[PDB]
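Shown next, in structure tokens, is the structure this report addresses.
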Amino acid sequence: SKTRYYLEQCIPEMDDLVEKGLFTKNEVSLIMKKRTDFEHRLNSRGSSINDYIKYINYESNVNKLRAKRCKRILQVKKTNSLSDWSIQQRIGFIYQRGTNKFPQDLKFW
Amino acid sequence: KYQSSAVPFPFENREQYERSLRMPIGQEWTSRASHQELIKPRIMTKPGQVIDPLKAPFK
Amino acid sequence: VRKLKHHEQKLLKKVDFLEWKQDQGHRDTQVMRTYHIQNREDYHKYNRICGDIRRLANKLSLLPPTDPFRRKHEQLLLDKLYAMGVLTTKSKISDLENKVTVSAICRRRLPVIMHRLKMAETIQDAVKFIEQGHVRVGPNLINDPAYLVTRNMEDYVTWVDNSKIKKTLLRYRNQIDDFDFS
Amino acid sequence: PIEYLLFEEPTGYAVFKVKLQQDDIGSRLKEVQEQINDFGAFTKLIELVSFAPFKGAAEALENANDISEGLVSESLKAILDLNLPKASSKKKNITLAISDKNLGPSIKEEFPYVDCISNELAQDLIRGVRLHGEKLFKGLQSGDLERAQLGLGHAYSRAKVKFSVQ
Amino acid sequence: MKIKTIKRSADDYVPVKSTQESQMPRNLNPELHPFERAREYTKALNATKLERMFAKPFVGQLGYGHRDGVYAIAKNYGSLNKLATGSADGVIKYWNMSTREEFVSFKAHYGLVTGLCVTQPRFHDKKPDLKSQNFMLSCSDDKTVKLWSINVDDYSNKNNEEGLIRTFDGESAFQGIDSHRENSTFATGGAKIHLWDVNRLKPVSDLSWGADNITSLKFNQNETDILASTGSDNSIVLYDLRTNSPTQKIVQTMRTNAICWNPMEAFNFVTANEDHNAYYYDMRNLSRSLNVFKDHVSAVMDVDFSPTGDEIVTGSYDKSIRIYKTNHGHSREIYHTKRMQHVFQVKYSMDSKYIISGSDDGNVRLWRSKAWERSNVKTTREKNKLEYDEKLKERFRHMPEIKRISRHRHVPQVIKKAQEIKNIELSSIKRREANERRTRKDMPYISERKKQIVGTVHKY
Amino acid sequence: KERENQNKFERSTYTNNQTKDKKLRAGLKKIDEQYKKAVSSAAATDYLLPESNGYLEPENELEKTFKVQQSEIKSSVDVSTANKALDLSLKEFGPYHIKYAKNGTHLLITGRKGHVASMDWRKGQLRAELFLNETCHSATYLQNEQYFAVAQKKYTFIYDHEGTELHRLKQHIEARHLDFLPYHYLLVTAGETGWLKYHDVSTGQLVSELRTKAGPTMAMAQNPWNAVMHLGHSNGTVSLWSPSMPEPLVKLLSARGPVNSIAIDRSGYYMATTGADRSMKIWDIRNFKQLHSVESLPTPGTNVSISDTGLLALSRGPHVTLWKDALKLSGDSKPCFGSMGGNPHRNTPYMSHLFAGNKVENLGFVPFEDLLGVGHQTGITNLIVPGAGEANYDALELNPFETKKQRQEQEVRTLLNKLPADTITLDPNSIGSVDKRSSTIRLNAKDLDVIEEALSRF
RNA sequence: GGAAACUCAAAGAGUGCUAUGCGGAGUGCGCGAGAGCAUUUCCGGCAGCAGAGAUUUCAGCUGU
């Protein structure tokens with residue numbers, strides 16, 4: 001199961017994002033829950049581009065909430081941590097996975 | 001017949017041997033990323049191409 | 001349990017969940033299906049007796065060939081096993097190891113001699129009848145199928161009267177007399 | 001060293017990149033000749049990277065004629081110089097895997113920076129990709145191959161035999 | 001008062017639709033997973049049992065074999081699936097190893113063929129087309145060296161000059177060949193070692209020390225100007241072609257059959273000599289043969305490295321080849337079959353996967369190197385499992401029943417008898433040496449690696 | 001890199017309280033460097049485990065945790081768990097011994113008269129329901145729901161999934177307590193005869209006919225971490241045993257009189273025992289030190305069971321009393337019955353439940369839920385105990401959503417990786433060691449009267 | 001005693017299914033380049049200017 005490999009690829013950014021005070025563990029476990037479900041639906045069998053689209057949409061929304069709580073709690077534009085590039089680089093990674101798995105639809109392209 | 005007879009060659013006494021054997025490497029007791037990075041052989045060849053004798057440095 | 005692959009079958013040959021070594025080929029199960037034995041442990045309370053008489057015949061053969069205690073007790077045991085009908089002939093003492101079987105001491109049971117003299121037609125039906133209480137040996141009725149018979153009582157195995165199977169077979173032959181109430 | 005191969009289909013040309021090389025010495029082994037029958041282990045060898053369909057069925061018949069006479073046609077020229085990387089002087093000559101030694105020298109003349117391989121290994125993974133076929137493309141085409149080669153077969157037969165219309 | 005329990009919720013754990021895969025939620029607690037050591041020990045037992053039941057190393061021979069017996073084999077060092085093979089009736093062939101048959105064959109010389117290699121020549125009057133045809137060459141007993149073409153069919157750039165593009169002639173016999181892998185200069189061992197290129201029909205240099213023949217020789221794979229040879233003075237002689245001179249000689253006890261350099265270390269080679277062990281020598285300090293691979297019973301006829309540089313292969317005069325790790329000194333694995341006999345030339349294919357063994361009964365055979373692995377592409381769960389229990393066998397290697405299983409092979413009983421009586425006489429020599437060491441004042445300890453050296457010119 | 005559960009994730013070694021070889025030095029520094037990396041990246045998983053354990057708390061100063069009604073928590077908990085708290089009422093057959101599977105998936109009930117039923121309890125699924133006429137003392141599952149062994153009047157029988165019998169054991173000439181060592185595939189039996197005997201149930205072999213030399217075996221209990229079986233005889237002796245050596249490994253003397261029950265913590269680190277002296281003891285096991293000893297509980301403790309989160313369960317005849325935080329090493333964590341004048345340094349019990357009139361013959365927790373199945377005279381009851389379960393089960397070994405195909409594959413995987421019957425050891429990390437003899441440092445064959453002085457010389 | 005199912009349990013075979021791995025730059029090398037080397041070299045800061053782009057985003061300057 002390579003879904004476990006992706007799911008514990010995404011741990012260190014949320015580790016640093018929790019140890020600096022912007023999320024707490026009681027909700028990063030919730031976003032980890034939904035991320036687990038998304039990764040399973042993604043690299044399961046009989047998957048679909050709409051699953052990729054909703055994963056992209058959810059990760060963009062948690063990126064925007066990350067920036068919102070960054071400028072609200074820490075009152076800075078960024079905290080120069082690992083997270084700030086990580087979340088959009090894994091958005092691009094989702095995009096790359098979806099183009100390799102489904103090069104048909106020009107909408108996702 | 002389960003504990004070994006002497007201390008094997010690269011080590012020198014039993015604290016060396018047990019400090020080698022102290023961490024299980026299975027995917028049960030260790031994570032998947034630490035699994036797949038803990039286990040990979042020293043050589044690793046690509047399956048179907050001729051291996052050149054190395055000519056480094058200053059090409 | 002999974003009809004294992006070739007390498008798994010090679011890596012474990014001695015596994016068998018169904019049939020172990022100490023089942024002895026499931027002979028207790030096989031002969032109790034053969035003779036329709038109701039309860040458990042009946043095979044082994046027969047096999048204890050079979051081992052007991054070969055132990056006693058062993059000790060009697062060990063005793064020397066001249067003394068009357070040995071010769072009287074061996075002809076006495078041979079006649080007792082003939083009178084219980086476990087044997088069929090008053091044969092040699094070698095048949096007390098070749099011929100005594102748990103199958104034979106089962107073969108003198110009530111439903112199997114009932115099927116043997118064609119009272120029922122299968123031993124399951126015989127246990128049906130004598131569990132419903134239709135048969136008797138001599139005067140007294142038999143309710144349990146564990147009553148094995150003697151050599152004497154293979155002749156008075158007959159149903160009770162007002163047994164409606166007796167009534168239906170007599171009315172089949174239309175020798176149904178009804179003054180004798182059956 | 002087989003980096004690309006070119007597969008010619010009734011609907012159009014396809015060019016595949018080769019991710020992993022097949023083994024060269026044990027190529028007559030059971031466990032290697034069964035991985036070109038397993039699809040999920042044939043796709044560990046071959047990735048689809050381009051597919052130019054024929055525009056019209058007249059061009060389909062024209063390309064079939066040009067391949068049968070071993071010539072290079074212009075759509076084939078287009079897909080080859082789109083996909084194949086230009087090399088340096090003589091170091092690392094790029095390599096196609098085509099299906100015939102008569103198509104060999106013609107595209108060698110059209111592309112002097114390209115080398116053509118048609119050996120047992122090339123025909124091996126060619127017949128692997130022919131066997132699996134339309135499952136490689138994952139729908140990236142406009143055409144069904146059996147009916148397409150039905151029409152192309154009657155066309156090519158008719159044009160070869162000069163069957164009259166009146 | 002606040003009460004909450006588990007909320008198992010039956011949706012994250014069993015999928016909502018009947019195709020997507022369920023979670024395997026997972027807690028890496030040592031409290032959860034009870035027996036670490038016993039469980040992975042038994043996995044190591046199962047892995048050693050599985051390799052002992054999957055060790056099926058013989059691939060197949062190639063062609064119908066030779067006529068008299070393979071005495072020379074040369075892989076080509078720039079392509080994978082072809083090698084040249086010459087047998088001592090005179091017949092040399094160019095085998096393609098994919099389809100397992102020859103491209104062409106020839107009756108090359110009258111007597112034996114004693115050496116052959118492959119070449120990427122450079123004439124000064126031609127672009128030498130090394131892709132549509134392929135050149136080998138061979139020196140033999142009838143005082144001739146012949147540089148030979150082969151119309152190979154691997155590329156299809158073209159559409160004829162099959163055999164014997166030129167002949168060299170020598171006044172004495174010849175025994176060995178190898179080629180400087182640049183500038184088309186090759187070198188022959190005969191009654192005296194000659195260096196010549198393919199452009200002129202005379203020896204460009206004599207190179208010998210004195211009057212002793214040169215039984216074999218081999219160029220280097222890197223620092224290609226340097227080369228080694230072995231003469232019937234029981235001697236190793238290194239030559240450097242920049243200074244155009246021999247440069248050192250050691251004499252050992254028994255005669256060195258065949259050299260092979262290292263592809264990776266580039267200044268370590270392996271000599272195979274007639275005492276029943278191969279010697280991983282350095283070059284810069286030729287007084288201590290820095291490894292001795294011991295476990296044979298007869299003369300070790302040739303050897304070469306794997307191209308990965310850490311696993312070498314010896315083939316010997318007893319009817320068995322065996323493959324050694326570099327840093328052990330004992331047999332990793334023994335290959336033998338009943339039909340192979342007096343195996344003379346064993347070489348290692350250029351992808352470190354196959355072992356080509358040319359015997360004396362004619363046949364040349366293929367073997368796998370790792371005798372339990374297989375040669376197909378593997379899904380990553382199989383790759384992770386095989387690599388996992390490979391590492392696991394490696395760390396539980398010293399348990400005293402994993403060791404007996406992973407050490408158990410089946411040798412032919414000739415080799416079994418010879419190995420055990422070699423053991424009892426070696427124990428006897430050790431005991432009598434112990435008695436003399438108990439009494440006598442100064443019988444100094446000599447290392448096992450320094451034992452076989454009987455001399456060295458240029459002491460420092 | 002902090003990883004607060006590193007103290008949970010470390011693996012200690014046989015130590016001394018620096019070399020000269022450079023290659024050996026760099027090998028060792030790479031080895032313990034990757035050890036630290038593997039420990040840190042293994043303890044970086046608690047972000048990835050799905051849900052936390054349940055709990056309760058007073059969150060006031062008036063009400064307590066133990067005087068909380070099952071009706072109240074069944075009202076305040078969700079519908080699924082409130083529906084899972086089943087209460088079977090079976091009257092005509094005897095007291096009902098309770099054995100769940102290793103996961104929470106099935107349930108085996110045995111009436112002492114004749115009645116054994118293997119059933120799924122989450123969904124109502126009859127798997128095997130049989131009345132065999134003779135008495136059945138206790139029973140258990142073997143490796144799945146597919147096989148269960150019942151200890152009948154004398155002969156121990158094992159049974160298929162649908163109720164057919166498969167083996168009448170000619171040995172195990174009687175039985176009172178069965179258990180199953182699951183990684184070893186060993187069915188272990190003990191009883192009225194002084195014979196602890198082990199049975200390799202895969203190949204159908206016997207393994208050990210161990211003579212106890214201590215009369216009958218009043219209660220046995222498996223240590224789930226080193227797989228030694230702890231028998232508790234009539235002497236008060238709790239002797240713990242391995243099939244490899246006949247002499248009992250370690251003879252604890254826990255209680256006085258007979259020992260009524262033993263229960264081992266799932267970390268292998270604590271042992272709770274009740275005797276007929278009205279006494280309960282908590283034991284360290286890895287150091288063999290009596291932790292603390294509740295003397296004179298007001299009635300003989302019938303059974304003890306410890307959950308998967310260290311949660312003590314004591315059955316006082318008609319009572320069920322559960323202590324949280326009772327398996328520490330302090331003096332606070334001694335389980336008591338009263339906070340004397342409201343003393344905040346006592347373990348007033350976590351929950352308590354008094355039954356009607358029925359003696360509870362065995363507790364037993366449910367593995368991956370927050371509820372314990374207690375078996376009494378007139379049937380079975382599940383009790384909602386909110387902190388009594390590992391929420392984060394590991395699905396690589398045992399799975400409460402396991403289907404048929406993965407059930408077959410998981411059992412054949414354990415059947416290949418069955419540990420042999422010899423490596424049952426007092427500590428599980430003594431297999432890759434060296435011998436205690438054949439000393440540690442290796443040696444590489446290089447080091448293996450004046451008149452008397454006048455009357456010397458003669 | 002024969003027959004309905006979404007009655008369940010257990011095995012087997014076939015068909016499928018992908019089964020599926022610090023950063024922009026700038027700075028000198030590597031034969032128009034990135035496939036590596038190496039970083040204070042400015043930045044991933046602040047407001048405004050005015051050119052744009054659908055309130056929030058980019059393009060070049062002042063101080064910083």
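Residue numbering restarts at 1 in every chain; chains get A, B, ... in the order shown in the structure tokens, and ligands count up from 1 in that same order.
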
Spatial neighbours of residue 115 (chain F), max dist 8 Å, only C-alpha atoms (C1' of nucleotides), sep filter under 3 positions, as a PDB file with C-alpha atoms, in the first residue's frame:
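New file part_11.pdb:
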ATOM      1  CA  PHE F  93     -28.397 -23.632  30.939  1.00  0.00           C
ATOM      2  CA  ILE F 109     -20.639 -18.364  25.199  1.00  0.00           C
ATOM      3  CA  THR F 110     -20.549 -21.585  27.221  1.00  0.00           C
ATOM      4  CA  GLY F 111     -23.167 -22.695  29.686  1.00  0.00           C
ATOM      5  CA  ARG F 112     -21.872 -25.115  32.285  1.00  0.00           C
ATOM      6  CA  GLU F 129     -24.949 -23.176  18.267  1.00  0.00           C
ATOM      7  CA  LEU F 130     -24.766 -26.585  19.842  1.00  0.00           C
ATOM      8  CA  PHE F 131     -26.074 -28.221  22.972  1.00  0.00           C
ATOM      9  CA  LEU F 132     -23.796 -31.116  23.766  1.00  0.00           C
ATOM     10  CA  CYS F 136     -18.491 -27.602  29.465  1.00  0.00           C
TER      11      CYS F 136
END

Write out as number ranges by chain all residues of chain B that DSSP puts in alpha helix (DSSP H) for this structure's backbone.
B: 14-20, 32-38

Considering only C-alpha atoms, give me a table of residues in chain C that are at most 9 Å from chain F, with the closest atom pair and distance in Å for each, as CSV.
residue,atom,partner,partner_atom,distance
C:1,CA,F:408,CA,7.2
C:2,CA,F:408,CA,6.5
C:4,CA,F:412,CA,8.4
C:8,CA,F:416,CA,7.6
C:11,CA,F:416,CA,7.6
C:12,CA,F:416,CA,7.3
C:13,CA,F:203,CA,8.8
C:14,CA,F:203,CA,5.4
C:15,CA,F:203,CA,4.3
C:16,CA,F:203,CA,5.7
C:17,CA,F:202,CA,6.1
C:18,CA,F:166,CA,6.6
C:19,CA,F:166,CA,7.9
C:20,CA,F:204,CA,5.0
C:21,CA,F:204,CA,6.8
C:22,CA,F:170,CA,7.4
C:23,CA,F:167,CA,7.0
C:26,CA,F:167,CA,8.8

Please, what distance in Å, to one decimal, runs between CA of residue 32 (chain B) and CA of residue 9 (chain C)?
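Spanning CA of residue 32 (chain B) to CA of residue 9 (chain C) is a straight-line distance of 29.5 Å.
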
Interface list for chain F, partner chain E, 8 Å threshold, only C-alpha atoms, as a PyMOL selection string:
chain F and resi 8-9+42-43+45-46+49-60+73+76-77+224-226+266-267+369-370+386-387+391-396+401+417-419+423+428-429+431-432

Just the number, please: distance in Å from CA of residue 85 (chain F) to CA of residue 402 (chain F), one decimal.
21.4 Å

Distance limit 12 Å, atoms considered: only C-alpha atoms (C1' of nucleotides). Which chain G residues sit that close to chain B? Return them as a PyMOL selection string.
chain G and resi 21+30-31

Could you dump the residues just selected with C-alpha atoms (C1' of nucleotides) as a PDB file, in the first residue's frame?
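Below is the file part.pdb, written as the result:
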ATOM      1  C1'   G G  21       7.964   6.256  -7.523  1.00  0.00           C
ATOM      2  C1'   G G  30      29.260  20.614 -17.014  1.00  0.00           C
ATOM      3  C1'   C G  31      29.188  20.163 -24.994  1.00  0.00           C
TER       4        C G  31
END

Output the contact residues of chain G with respect to chain D at a cut-off of 12 Å, based on only C-alpha atoms (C1' of nucleotides), as a ChimeraX atom specification.
/G:16-21,31

Write out the residues from the selection above, keeping C-alpha atoms (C1' of nucleotides), as a PDB file, in the first residue's frame.
ATOM      1  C1'   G G  16     -11.743  -8.223 -15.103  1.00  0.00           C
ATOM      2  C1'   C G  17      -8.816  -3.979 -12.288  1.00  0.00           C
ATOM      3  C1'   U G  18      -3.054  -0.364 -13.192  1.00  0.00           C
ATOM      4  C1'   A G  19      -1.422  -4.338  -9.908  1.00  0.00           C
ATOM      5  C1'   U G  20       1.227   1.263 -10.558  1.00  0.00           C
ATOM      6  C1'   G G  21       7.964   6.256  -7.523  1.00  0.00           C
ATOM      7  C1'   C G  31      29.188  20.163 -24.994  1.00  0.00           C
TER       8        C G  31
END

Distance filter 10 Å, only C-alpha atoms, chain A against chain B, as a PyMOL selection string
chain A and resi 1-9

Would you list the contacts of residue 105 (chain A) as a PyMOL selection string, taking every protein, DNA or RNA residue within 9 Å and counting only C-alpha atoms (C1' of nucleotides), but skipping same-chain residues closer than 5 positions in sequence?
(chain A and resi 49+99) or (chain D and resi 140)

Export N, CA and C atoms of the chosen residues as a short mmCIF file (atom, residue, chain, number, x, y, z; two decimals), in the first residue's frame?
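Done, and the output landed in out27.cif:
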data_model
loop_
_atom_site.label_atom_id
_atom_site.label_comp_id
_atom_site.auth_asym_id
_atom_site.auth_seq_id
_atom_site.Cartn_x
_atom_site.Cartn_y
_atom_site.Cartn_z
N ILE A 49 -11.28 11.62 -12.08
CA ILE A 49 -10.73 12.96 -12.12
C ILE A 49 -11.46 13.87 -11.15
N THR A 99 -2.47 13.95 -14.15
CA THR A 99 -2.14 13.95 -15.57
C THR A 99 -1.52 12.64 -16.01
N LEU D 140 -7.14 7.63 -25.33
CA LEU D 140 -6.59 8.82 -25.97
C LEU D 140 -6.58 8.71 -27.48
#

Within 7 Å of chain A, which residues of chain E show up? Give each one with its shortest atom-to-atom distance in Å (one decimal) and the two atoms involved, counting only C-alpha atoms, rows by chain then rising residue number, as a Markdown table.
| residue | atom | partner | partner_atom | distance |
| --- | --- | --- | --- | --- |
| E:12 | CA | A:37 | CA | 7.0 |
| E:19 | CA | A:45 | CA | 6.1 |
| E:20 | CA | A:44 | CA | 5.1 |
| E:21 | CA | A:44 | CA | 5.4 |

According to DSSP computed on the backbone, where in region 62-132 of chain D is there strand (DSSP E or B)? Give the residues as a PyMOL selection string.
chain D and resi 94-97+114-117

Long-range neighbours of residue 46 (chain B) as a PyMOL selection string, 12 Å cut-off, only C-alpha atoms (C1' of nucleotides), 3 positions minimum in chain
(chain B and resi 43+49-51) or (chain D and resi 1+19-23) or (chain E and resi 308+350-353+375-377)

At a cut-off of 12 Å, list the chain G residues touching chain C, using only C-alpha atoms (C1' of nucleotides), as a list in words.
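Residues of chain G within 12 Å of chain C, counting only C-alpha atoms (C1' of nucleotides): residues 10, 11 and 12 of chain G.
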
Can I get the selected residues back with N, CA, C and O atoms (P, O5', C5', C4', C3', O3' and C1' of nucleotides), as a PDB file, in the first residue's frame?
ATOM      1  P     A G  10     -17.431 -17.890   5.894  1.00  0.00           P
ATOM      2  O5'   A G  10     -16.833 -19.190   5.212  1.00  0.00           O
ATOM      3  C5'   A G  10     -16.395 -20.266   6.016  1.00  0.00           C
ATOM      4  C4'   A G  10     -16.282 -21.530   5.217  1.00  0.00           C
ATOM      5  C3'   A G  10     -15.298 -21.500   4.069  1.00  0.00           C
ATOM      6  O3'   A G  10     -13.980 -21.746   4.512  1.00  0.00           O
ATOM      7  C1'   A G  10     -17.324 -22.531   3.399  1.00  0.00           C
ATOM      8  P     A G  11     -12.738 -21.025   3.810  1.00  0.00           P
ATOM      9  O5'   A G  11     -13.007 -21.240   2.261  1.00  0.00           O
ATOM     10  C5'   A G  11     -11.950 -21.560   1.382  1.00  0.00           C
ATOM     11  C4'   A G  11     -12.230 -22.825   0.623  1.00  0.00           C
ATOM     12  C3'   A G  11     -12.021 -22.744  -0.870  1.00  0.00           C
ATOM     13  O3'   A G  11     -10.670 -22.830  -1.262  1.00  0.00           O
ATOM     14  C1'   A G  11     -14.087 -23.736  -0.468  1.00  0.00           C
ATOM     15  P     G G  12     -10.080 -21.707  -2.236  1.00  0.00           P
ATOM     16  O5'   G G  12      -9.690 -22.496  -3.559  1.00  0.00           O
ATOM     17  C5'   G G  12      -9.995 -23.873  -3.708  1.00  0.00           C
ATOM     18  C4'   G G  12     -10.670 -24.143  -5.024  1.00  0.00           C
ATOM     19  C3'   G G  12     -10.355 -23.168  -6.139  1.00  0.00           C
ATOM     20  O3'   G G  12      -9.115 -23.424  -6.763  1.00  0.00           O
ATOM     21  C1'   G G  12     -12.673 -23.556  -6.071  1.00  0.00           C
TER      22        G G  12
END

Within 10 Å of residue 143 (chain C) using only C-alpha atoms (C1' of nucleotides), minus same-chain residues under 2 positions, as a compact mmCIF listing (two decimals) with N, CA, C and O atoms, in the first residue's frame:
# COMPACT_ATOMS: atom_id res chain seq x y z
N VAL C 127 -33.28 -46.93 14.83
CA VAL C 127 -33.16 -46.07 16.00
C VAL C 127 -34.39 -45.18 16.13
O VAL C 127 -34.82 -44.90 17.25
N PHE C 129 -37.46 -46.21 15.39
CA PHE C 129 -38.50 -47.05 15.97
C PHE C 129 -38.26 -47.30 17.45
O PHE C 129 -39.15 -47.08 18.27
N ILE C 130 -37.06 -47.73 17.82
CA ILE C 130 -36.84 -48.07 19.22
C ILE C 130 -36.59 -46.84 20.08
O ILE C 130 -36.52 -46.97 21.31
N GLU C 131 -36.50 -45.66 19.49
CA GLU C 131 -36.59 -44.45 20.29
C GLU C 131 -38.03 -44.01 20.44
O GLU C 131 -38.37 -43.37 21.44
N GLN C 132 -38.88 -44.34 19.47
CA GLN C 132 -40.31 -44.14 19.66
C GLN C 132 -40.93 -45.22 20.53
O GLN C 132 -42.11 -45.11 20.86
N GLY C 133 -40.19 -46.26 20.87
CA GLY C 133 -40.71 -47.26 21.77
C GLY C 133 -41.70 -48.19 21.12
O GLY C 133 -42.88 -48.17 21.44
N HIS C 134 -41.23 -49.01 20.18
CA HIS C 134 -42.09 -49.99 19.56
C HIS C 134 -41.66 -51.42 19.81
O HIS C 134 -42.50 -52.31 19.75
N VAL C 135 -40.39 -51.67 20.09
CA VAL C 135 -39.86 -53.02 20.13
C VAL C 135 -39.75 -53.45 21.59
O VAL C 135 -39.86 -52.65 22.51
N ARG C 136 -39.56 -54.75 21.79
CA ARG C 136 -39.25 -55.30 23.09
C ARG C 136 -38.42 -56.54 22.85
O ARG C 136 -38.48 -57.13 21.77
N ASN C 140 -39.94 -57.13 28.21
CA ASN C 140 -39.72 -55.74 28.57
C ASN C 140 -39.34 -54.89 27.37
O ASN C 140 -38.56 -55.31 26.51
N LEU C 141 -39.92 -53.70 27.31
CA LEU C 141 -39.70 -52.77 26.22
C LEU C 141 -38.28 -52.22 26.29
O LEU C 141 -37.66 -52.19 27.35
N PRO C 145 -31.05 -47.19 22.51
CA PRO C 145 -30.38 -47.99 21.48
C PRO C 145 -29.06 -48.59 21.91
O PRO C 145 -28.47 -49.34 21.14
N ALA C 146 -28.59 -48.30 23.12
CA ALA C 146 -27.32 -48.85 23.56
C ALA C 146 -27.43 -50.26 24.10
O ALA C 146 -26.40 -50.84 24.45
N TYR C 147 -28.63 -50.80 24.21
CA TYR C 147 -28.83 -52.15 24.72
C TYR C 147 -28.37 -53.12 23.65
O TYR C 147 -29.08 -53.34 22.67

Counting only C-alpha atoms, which residues in chain B sit no more than 7 Å from chain F? For each one, give the nearest pair of atoms and the distance in Å, sorted by chain then residue number, as a Markdown table.
| residue | atom | partner | partner_atom | distance |
| --- | --- | --- | --- | --- |
| B:2 | CA | F:431 | CA | 5.3 |
| B:3 | CA | F:434 | CA | 4.7 |
| B:4 | CA | F:434 | CA | 4.9 |
| B:5 | CA | F:434 | CA | 6.2 |
| B:6 | CA | F:438 | CA | 6.4 |
| B:7 | CA | F:442 | CA | 5.9 |
| B:10 | CA | F:24 | CA | 6.3 |
| B:11 | CA | F:24 | CA | 6.6 |
| B:12 | CA | F:442 | CA | 5.5 |
| B:13 | CA | F:441 | CA | 4.4 |
| B:14 | CA | F:440 | CA | 5.3 |
| B:15 | CA | F:15 | CA | 6.1 |
| B:18 | CA | F:433 | CA | 6.2 |
| B:19 | CA | F:13 | CA | 6.7 |
| B:20 | CA | F:31 | CA | 6.5 |
| B:21 | CA | F:432 | CA | 6.8 |
| B:22 | CA | F:11 | CA | 6.7 |
| B:23 | CA | F:35 | CA | 6.6 |
| B:30 | CA | F:42 | CA | 5.5 |
| B:31 | CA | F:42 | CA | 5.3 |
| B:34 | CA | F:38 | CA | 5.9 |

Could you give me, as a PyMOL selection string, the residues within 10 Å of region 108-114 of chain D, counting only C-alpha atoms (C1' of nucleotides) and dropping anything in the same chain fewer than 3 positions from it?
(chain D and resi 72+77+80-81+84-90+92-96+103-105) or (chain E and resi 156-158)

If you count only C-alpha atoms (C1' of nucleotides), which residues fall within 10 Å of region 334-345 of chain F, apart from same-chain ones fewer than 4 positions away, as a list in words?
residues 280, 281, 282, 291, 292, 293, 294, 295, 297, 312, 321, 322, 323, 324, 325, 326, 327, 328, 329, 330, 349 and 350 of chain F

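Taking CA of residue 252 (chain E) and CA of residue 224 (chain E) as the two end points, the separation is 25.2 Å.
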